[PDB]
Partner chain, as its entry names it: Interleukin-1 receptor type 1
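A single chain, nothing else alongside it, follows as structure tokens in the form deposited without the partner chain.
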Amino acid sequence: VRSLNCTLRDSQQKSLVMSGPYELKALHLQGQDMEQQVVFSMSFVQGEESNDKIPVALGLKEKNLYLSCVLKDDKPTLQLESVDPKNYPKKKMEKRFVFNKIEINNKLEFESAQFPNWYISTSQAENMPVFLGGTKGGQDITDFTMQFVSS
């Protein structure tokens, strides 16, 4: 498995930070305060691919913590799940962990491989949880930029 280290910023320039053990929040940060931002370990895993659609897994750099999509109270939900530190990452990652990384401009969208047309999204408001949104366009933000830190 090949990985790259990177940070993500939504299109409103909000940064992503850990709120608790299992949640990420998005907030407007600038300055030394940016040390707070989560560093992701993006892995290129097995799955269907295209020029513009690439399967990935998002773990937290150096933590056996991955972004996962599960049904919770009957609706697709994003969560941080802990994994056996010795078995991960893998090349053939379980479906709940896979996102389709879609390039559209200098922007990126992350679609659940498990739940078609469900995307990693942020709210327009400050300090709200990052979640899985079943809708594109309307109010919630579904596009991001990536910064390499050391892949």
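Shifts are known only where both forms have a C-alpha. What we label the rigid core is the largest C-alpha set whose atoms superpose within 1.5 Å from one form to the other. Positions refer to the first chain, counted from 1.
Omitted here: the form solved in complex with the partner chain. The next part is about that form.
- In the overlay on the core between this form and the one not shown, a shift of 2 Å or more in CA position is seen for a single residue of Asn117, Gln36, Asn87, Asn106, which is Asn106.
- With the core held fixed between this form and the one not shown, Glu126 has its Cα displaced by under 2 Å.
- Superposition of the core reveals a Cα shift of 2 Å or more for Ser50 between this form and the one not shown.
- Core-based superposition between this form and the one not shown shows that the consecutive residues, three or more at a time, whose C-alphas shift by 2 angstroms or more lie in 48 to 52, 104 to 106.
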